[PDB]
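Report on the structure given below.
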Amino acid sequence: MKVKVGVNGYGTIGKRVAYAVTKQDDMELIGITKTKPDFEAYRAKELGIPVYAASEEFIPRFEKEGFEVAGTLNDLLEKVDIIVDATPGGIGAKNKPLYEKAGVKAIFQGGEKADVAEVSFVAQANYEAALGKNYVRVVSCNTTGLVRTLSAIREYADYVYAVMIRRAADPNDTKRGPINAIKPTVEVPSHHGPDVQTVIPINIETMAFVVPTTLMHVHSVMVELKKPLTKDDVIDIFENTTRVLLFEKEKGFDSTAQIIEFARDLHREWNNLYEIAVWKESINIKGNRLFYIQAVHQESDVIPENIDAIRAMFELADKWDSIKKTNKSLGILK
Amino acid sequence: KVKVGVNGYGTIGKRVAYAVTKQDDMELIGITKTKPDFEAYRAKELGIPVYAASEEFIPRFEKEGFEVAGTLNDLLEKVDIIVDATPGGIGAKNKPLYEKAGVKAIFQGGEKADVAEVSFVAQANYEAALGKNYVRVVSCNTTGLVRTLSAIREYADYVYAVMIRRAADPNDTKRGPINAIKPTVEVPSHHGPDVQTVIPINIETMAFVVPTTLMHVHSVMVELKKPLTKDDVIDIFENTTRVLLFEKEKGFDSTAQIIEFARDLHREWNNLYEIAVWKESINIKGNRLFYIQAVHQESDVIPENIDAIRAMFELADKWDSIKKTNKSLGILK
Amino acid sequence: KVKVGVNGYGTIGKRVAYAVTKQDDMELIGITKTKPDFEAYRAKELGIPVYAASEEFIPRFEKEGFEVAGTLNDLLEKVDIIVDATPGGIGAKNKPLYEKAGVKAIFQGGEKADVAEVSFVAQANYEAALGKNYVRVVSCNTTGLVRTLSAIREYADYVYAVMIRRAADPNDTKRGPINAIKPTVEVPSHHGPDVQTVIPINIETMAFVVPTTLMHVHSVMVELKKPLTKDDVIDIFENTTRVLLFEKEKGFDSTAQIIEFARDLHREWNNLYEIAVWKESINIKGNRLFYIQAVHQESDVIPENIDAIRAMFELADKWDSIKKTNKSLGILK
Amino acid sequence: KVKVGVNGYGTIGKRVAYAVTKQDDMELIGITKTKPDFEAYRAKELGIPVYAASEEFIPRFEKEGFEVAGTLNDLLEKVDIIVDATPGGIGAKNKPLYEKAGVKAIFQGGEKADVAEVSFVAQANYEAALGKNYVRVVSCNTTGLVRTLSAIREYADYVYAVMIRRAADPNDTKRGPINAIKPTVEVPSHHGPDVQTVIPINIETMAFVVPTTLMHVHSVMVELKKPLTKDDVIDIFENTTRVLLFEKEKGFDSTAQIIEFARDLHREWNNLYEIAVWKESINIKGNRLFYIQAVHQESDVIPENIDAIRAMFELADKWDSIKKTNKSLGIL
Ligand SMILES: NC(=O)c1ccc[n+]([C@@H]2O[C@H](COP(=O)([O-])OP(=O)(O)OC[C@H]3O[C@@H](n4cnc5c(N)ncnc54)[C@H](O)[C@@H]3O)[C@@H](O)[C@H]2O)c1
Ligand SMILES: NC(=O)c1ccc[n+]([C@@H]2O[C@H](COP(=O)([O-])OP(=O)(O)OC[C@H]3O[C@@H](n4cnc5c(N)ncnc54)[C@H](O)[C@@H]3O)[C@@H](O)[C@H]2O)c1
Ligand SMILES: NC(=O)c1ccc[n+]([C@@H]2O[C@H](COP(=O)([O-])OP(=O)(O)OC[C@H]3O[C@@H](n4cnc5c(N)ncnc54)[C@H](O)[C@@H]3O)[C@@H](O)[C@H]2O)c1
Ligand SMILES: NC(=O)c1ccc[n+]([C@@H]2O[C@H](COP(=O)([O-])OP(=O)(O)OC[C@H]3O[C@@H](n4cnc5c(N)ncnc54)[C@H](O)[C@@H]3O)[C@@H](O)[C@H]2O)c1
């Protein structure tokens, strides 16, 4: 039978995960939650997806608009095997006891503390670590991107320094600045480094910044090599690493805008680029240091990771069988 | 099957090319490119033959080992009509070539009315293009203004609209302004006369450019000659094709959420072919009607392009073509 | 000299504080701050006694070793009037506090009209505030509308203006939208009625927010009731105080260049106190006048607050105060 | 008094002209323009003689009623030195004209290293320009890197910095990207070798362009050769000229507030000639120092051009010039 899934928090990550779940033949979307009957709630219903009020506390918002719901999250928790928690950072921790009391497994997003789960997850890097687990944290958008390429060359990395040039807000978020400024994270290192280390063992330090863009994040990566490695070896490795794609600035891929245009060209749902983008020409080796630039489509790179986490937690399949299945259902040729 | 070709596989061209492949009374023969960039490779991957725009550009493709199906001259030999989606002003420069070839041609809104025998917006003056050889589909903004204004023209004594336009399309990263409002000092703006090439209406417009890439926005004022109520306008717009009412009260706070609606639909390139009208903005004060609409400039003109082909070849009547095109693109009403 | 205090050392607050400092008939007793940030340190550095906005804010200061000259309650005891520059809606909550202290108070444009006895724009209705206790200087945009509209009021039968607004001030990095246009679905916009609290005219306005920080832009259309020519309007604007004409032909393509003119003048905080009007935008078509103007929202209500003070304490005639304020701020004409 | 002419009254050009009129050992002979736009008028209003950058441009001022004092050649004959502030690449082109006229010449950062005899940053290699006829003050980004790195040069055996640049200056409204991050796929980028043109140090850089106009920001990592504490670095910066420390805790959340500091100063054009360093960003982890700084690209190289003039004309000793220049601009 199919694993019964519920999604708490039908937000930017949540609705995309819900969609992914509907594309799996071994999983069934029991329902999702919303805190208000806005256009997204109407869309879920329009899609035939049962809409549950996130809590009894939000029920009046629905009743007010005369928007019928299938119940509250408490009702949904009684009919699922696992809940994908896609609520605001920090809110996952608050929901955990509700999940434990209901006896259902739970997946939390990167916005939560490592604290929250038994293990942090990135399919291609530590799938087996989540086997049978009940609580798994799919790391954040930037952490996932960093892990995908760093993990592929971990054996050659002695130390890595990465600068996160982050977008200020997702395309659908119009209530957040900065309109015109660069906001640095003065804490050195940013949360990214240690977060990476909750998935793969590696010496890493990171620094982050926020700039006025909504498209994708960009990573400036520097690795001190403790073992021989050439430029071609690196493109070869990246060329063969799943959920990673090389883009040539020479073909016209000048910025994150053209990278996203590639996804729009594929006619992807929400222009989702599940794959981490690496500028081919940026991969260089000077002395014993490797350098390269990558981009992350933060609205969707963790989508495939949530699906695979589900397979590992229920021991539905081995690592590569799940990744390939997840990949095919989302159009990731990898 | 009407054989179609697209000269200029850019923002409009690639979306019109796609629309053609969804019409079973048509056949996409090929598209042109001036260089083998990632968009040329995409066309090829889609199985669409790509021709070098001109004999001049051939070496660019040869250099990269990118095999082409030929050049625009070769293409012109294989089509009944060419859809020209080259930069504004370049379409006129191509007209002679199309003339000699003996093929019908459709130009986009960036060309002067000069370039064609008539300007077009299906739901407004479809019949005016029946059998023509050269037709120009009006700009993204003119199309948006026409669609809603045409629906209430019988009540319109005078119209004044302000165009708050995006500064550059999302895939255009070489255009400012990054932080400023650029006014068009030519007043009245050229949008009004452009609307008058499609429908008879007293109109005046003014335009501005702001740092956004998503959608243009229009502020419309209409002096009424006949009484009309808020509900009347809502009912008319709800029964007007290729127009959609969005409620700020349901979360549509800005053009970003409007586009989010198209992304939720999983629309190709997040295309919102339809003009978006904020339901709450529709107000009547005295003898004046006010409303706000938004236009997704990357795609509102593509269904107009497909209907123009049907009219020019007299393949179908106005509403039959419109209905068929809408279905092919997922436009409900 | 009139004893002046300013509650709210923010965007408007610190600029009005500086303006007060330039008057030979006024004295700045102090400014209020809710926390010891770099702006509080600046005020202290300038020698401006800094008062904690409230009792419940003194801890933040003590925690940082920042000595304050007391609280708002203390400051009110030492002034004849306080310029309230707190966020919209807070002014109303502060009025009772001011009345109790028995001091006169000036409110900004973010407050409702009823918060004061009269609304105000020096060059329009200076006299209306003579000897008053509570006056509301209308918003940055309302002020821009009044200056230009007041000068042609006698020919205006009806006016429709569209406000294309900056999303956030340069110093405000916590507010969106990054990429979108957000319309105000309420028709009319709050601007029309606020203008009517200063000058009697028929007007309806609509507003939008776009991603820029520099200045707001107004699209103005005026239905005429008396003969008027373009030339007449230019001349009228060339002769109305606090309004300057800019030529696109000289390089003023957008609001960035308008602001660049203020930077070139070395204006404090790049303040452009005067309303900017694109000369080339002025045009009359039939019975309607059109023009485009820009407002530097950070400083255009500054000179108005000063004049408000003189009218309220009846310190001088309308034009003596205006000329006196203008000279102190470098205001051109 | 040395006679200075500025060729290219642009963003850097008009600000340097101002700086010179603020000096007591020099006089602005005139500036040049290609068209009589509003900036050309402003220069005239300031009483600055305006020369048409070239004869072929005279008609432009003739079509208008704009009287000019002549061409670039007429200016070259009345100066001891000319500050070239033309677009990058044009400086090299204009060099043969400066030579045939026998006048010293300073080029800006956009030009290639070979356009001058030595690249310059006053507080780092002032002496290197003493007496020379051709010197290029390095770019905004390199000046910022040099000022801070130079101060800890003796403790760094390796530096890696990432350049997060503003896409267009406040007054440049015809340049993107409006919404995107544009990378420099050439890595390391030209910034490192540019720095190496002023001070001797092992550095590698990478750059990016983002949708902002206010300031560039540098993410800096330094491999230490000698022990160094956070308090050590902070003290060094507090004692390094043309460098200022800012506290996020005091409200400096981003480049916008940093700029706001300059506006509060009522600084001309809101010029922040000094490099900004976020005090809280200074941290040492292992044998590595990390810190973040921001550069106001419109004004950062201004004081540098004034000092280069003194070095080239040997008018003063390193620190005497810098103190004087700093004084004239209100640096502190
Ligand atoms: N690009 C991204 O925004 C991104 C990328 C990677 C990971 N994530 C992670 O996903 C999680 C959420 O991100 P998001 O961007 O989807 O947030 P979001 O703001 O888009 O939506 C989160 C959802 O939480 C819902 N919500 C609020 N309170 C709730 C409650 N009490 N119960 C249930 N739902 C509630 C809201 O309705 C909203 O739909 C975070 O941990 C975040 O770090 C986000
Ligand atoms: N939002 C929009 O971009 C929009 C909306 C409605 C109408 N239009 C109109 O559509 C037309 C094109 O707009 P666009 O957005 O596609 O421009 P675009 O620049 O995005 O794409 C145009 C294409 O024309 C091709 N081209 C350039 N020179 C060519 C040549 N000599 N021969 C053949 N092809 C050549 C280019 O290679 C490019 O692929 C214009 O008239 C424009 O006003 C544009
Ligand atoms: N563009 C503009 O910012 C602009 C233009 C014209 C008019 N105004 C008007 O100015 C008035 C204030 O605007 P602003 O731009 O100065 O806002 P601001 O946020 O820049 O400054 C407000 C000041 O009030 C302070 N504050 C918060 N609570 C306070 C309290 N209880 N007491 C005292 N201060 C408190 C803030 O710390 C700050 O010092 C508003 O009514 C607004 O409509 C603003
Ligand atoms: N932030 C900056 O703008 C910045 C920062 C650091 C270094 N620089 C360097 O300074 C130089 C110019 O920078 P800018 O920003 O001032 O450019 P700018 O565009 O603002 O203008 C440069 C000027 O050159 C004049 N010019 C053009 N052609 C000319 C000609 N043929 N003869 C004379 N003058 C001509 C232009 O009109 C203009 O006034 C470049 O090398 C640039 O890299 C600029």
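Any value given below was found using the heavy atoms of this structure, including those in side chains, with hydrogens, waters and symmetry copies removed. For ligands, and for the atoms within them, numbers begin at 1 and follow the listed sequence. In what follows, chains carry the letters A, B, and so on, assigned in the order in which the sequence lines appear, proteins first and then strands, with residues in each chain numbered from 1.
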Heavy-atom neighbours of B:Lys112 NZ exceed 12 at 6.0 Å: no

May I ask you to list the atoms of ligand 3 that are less than 4.0 angstrom from any heavy atom of C:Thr86? 11 (C), 12 (C), 24 (O), 30 (C), 32 (N), 33 (C), 34 (N), 35 (C), 40 (C), 41 (O)

Step through the shown structure and confirm whether more than 12 heavy atoms of other residues, nucleotides or ligands are within 6.0 Å of CZ on C:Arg175. no

Does a salt bridge link C:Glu39 with C:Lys14, judged by any charged N lying under 4.0 Å from a carboxylate O? yes

Polar contacts were defined as any N/O atom of the residue lying under 3.5 Å from an N/O atom of the ligand; does this apply to C:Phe57 and ligand 3? no

With a 4.5 Å cut-off on side-chain heavy atoms, are D:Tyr98 and D:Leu76 touching? yes

Distance-only, no hydrogens or angles: does the B:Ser139 side chain make a donor-acceptor pair with backbone N or O of B:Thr142 under 3.5 Å? yes

Taking N or O atoms only and a 3.5 Å limit, does C:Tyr9 qualify as a polar contact for ligand 3? yes

Protein heavy-atom partner closest to atom 5 (C) of ligand 3 - residue, atom, separation in Å: C:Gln297 O, 3.0 Å

Mind checking whether D:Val301 has an N or O less than 3.5 Å away from an N or O of ligand 4? no

Got a protein heavy atom sitting under 4.0 Å from atom 36 (C) of ligand 2? no

Under 4.5 Å between any side-chain heavy atoms of D:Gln257 and C:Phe38, yes or no? yes

Using a distance-only test with no angle check, is there a side-chain donor-acceptor pair under 3.5 angstrom linking D:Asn73 and D:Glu55? no

If we only consider heavy atoms of B:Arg166, is any one of them less than 4.0 Å away from an atom in ligand 2? yes

Nearest non-hydrogen contact with atom 7 (C) of ligand 2 belongs to which option: B:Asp84, B:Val137, B:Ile12, B:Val6? B:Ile12

Mode of B:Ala85 contact toward ligand 2 - side chain, backbone, both, neither (heavy atoms, under 4.0 Å): backbone

Give a yes or no answer on whether the side chain of C:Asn271 reaches the backbone of C:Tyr273 with a donor-acceptor pair at less than 3.5 Å. no

With backbone taken as N, CA, C and O and side chain as the heavy atoms from C-beta onward, which portion of C:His296 lies under 4.0 Å from ligand 3: side chain, backbone, both, or neither? neither

Proximity of C:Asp169 to ligand 3 by residue part, where a heavy atom lies under 4.0 Å: side chain

Whether D:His216 side chain and D:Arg166 backbone form a donor-acceptor pair below 3.5 Å: yes

Identify which of B:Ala52, B:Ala168, B:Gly110 has a heavy atom lying nearest to atom 41 (O) of ligand 2. B:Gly110

Scan the protein's non-hydrogen atoms and note whether one is under 4.0 Å from atom 2 (C) of ligand 4. yes

Shortest heavy-atom approach to atom 25 (C) of ligand 4 - which of D:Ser299, D:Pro170, D:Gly8: D:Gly8

Smallest separation among heavy atoms of B:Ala116 and B:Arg136, with atom names: CB-N, 3.5 Å

Which of B:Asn7, B:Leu97, B:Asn94, B:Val6 passes side-chain contact (heavy atoms from CB on, under 4.5 Å) with B:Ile82? Answer is B:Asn7

Is it the case that more than 12 heavy atoms not belonging to D:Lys174 sit under 6.0 Å from its NZ atom? no

Check each of B:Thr34, B:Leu72, B:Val138 against atom 29 (C) of ligand 2 and report the one with the nearest heavy atom. B:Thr34

What are the two closest non-hydrogen atoms of C:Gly91 and C:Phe107, and how far apart are they? O-CE2, 3.3 Å

Just by distance, do the side chain of C:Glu260 and the backbone of D:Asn171 share a donor-acceptor pair under 3.5 Å? no

Which residue supplies the protein heavy atom nearest to atom 20 (O) of ligand 2, what is that atom called, and how far is it? B:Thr11 OG1, 3.2 Å

Heavy-atom donor-acceptor pair, D:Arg15 side chain to D:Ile302 backbone, under 3.5 Å: no

Protein contact to atom 21 (O) of ligand 3 [nearest heavy atom, distance to 0.1 Å]: C:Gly10 CA, 3.1 Å

Quick test: of every protein heavy atom, which one is nearest to atom 19 (O) of ligand 3, and how far off is it to 0.1 Å? C:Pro87 CG, 4.7 Å

Are D:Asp37 and D:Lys35 close enough for a salt bridge, meaning some N to O gap below 4.0 Å? no

Among non-hydrogen protein atoms, atom 9 (C) of ligand 2 lies closest to B:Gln108 CB, 3.4 Å

Considering only protein heavy atoms, determine whether one is less than 4.0 Å from atom 17 (O) of ligand 3. no

Under 3.5 Å, N or O to N or O, is D:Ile90 touching ligand 4 that way? no

Suppose I only count heavy atoms of D:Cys140 and a 4.0 Å limit; which atoms of ligand 4 are within that range? 5 (C), 6 (C)

Just jot down the ligand 3 atoms closer than 4.0 angstrom to any heavy atom of C:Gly109, in number order. 43 (O)

Distance to 0.1 Å, residue and atom name: give those for the protein heavy atom nearest to atom 33 (C) of ligand 2. B:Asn7 OD1, 3.0 Å

Nitrogen or oxygen atoms of D:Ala53 and ligand 4 under 3.5 Å apart: no

Ligand 4 atoms in contact with D:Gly88 (distance to a heavy atom under 4.0 Å): 40 (C), 41 (O)

Heavy-atom contact under 4.0 Å between D:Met215 and ligand 4? no

